[PDB]
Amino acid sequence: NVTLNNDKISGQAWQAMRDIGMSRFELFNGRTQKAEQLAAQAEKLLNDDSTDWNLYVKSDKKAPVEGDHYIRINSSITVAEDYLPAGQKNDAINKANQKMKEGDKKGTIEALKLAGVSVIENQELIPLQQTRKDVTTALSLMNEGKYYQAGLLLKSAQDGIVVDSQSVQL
């Protein structure tokens, strides 16, 4: 999957974050071996040597840890709708629908503007190396039997998700 500007989004890292959350829950659910399985899957997804992780980096964003980078894991849309008289807006939305049919992203944004609709793209990002470290260290803590401490690191990984919301400039 790609952003509106055609930058690649990591589905593997998205699934890894899903696995991290499920792993943390299973620690409290009395299923620590399931938690290890889920964290192990997240580790494999984030460290896949056949994946070119450069493809997912958001270059213009400084990560908290030196030498790390944020990668894109999801994109969503926020619309903001101005008030328009019902007739004028129905007409402009019809033109927006044509541009979406045609695959014309720029034309869609422009037609939506005529409909009183602004578009914001919300890019969900994680720091790649910091998240990798959380997962591998959490598994090590699970190996040692320090399950609560592992859960803290899995929560830390989730709390490292940020959302860059940016106006659409195509």
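Numbering starts at 1 and runs along the sequence shown.
In this entry, 90 to 98 shows the higher mean Cα temperature factor of the pair 90 to 98 and 71 to 79. Averaged over CA atoms, B-factors in the entry run higher in 103 to 111 than in the other of 103 to 111 and 117 to 125. You'll see in the entry that, of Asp60, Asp134, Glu36, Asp52, the Cα B factor peaks at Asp60. Ranked against the other modelled residues of its chain, the C-alpha B-factor of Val168 as given in the entry falls in the highest third.
The deposited CA B-factor of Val65 belongs to the highest third of values across its chain.
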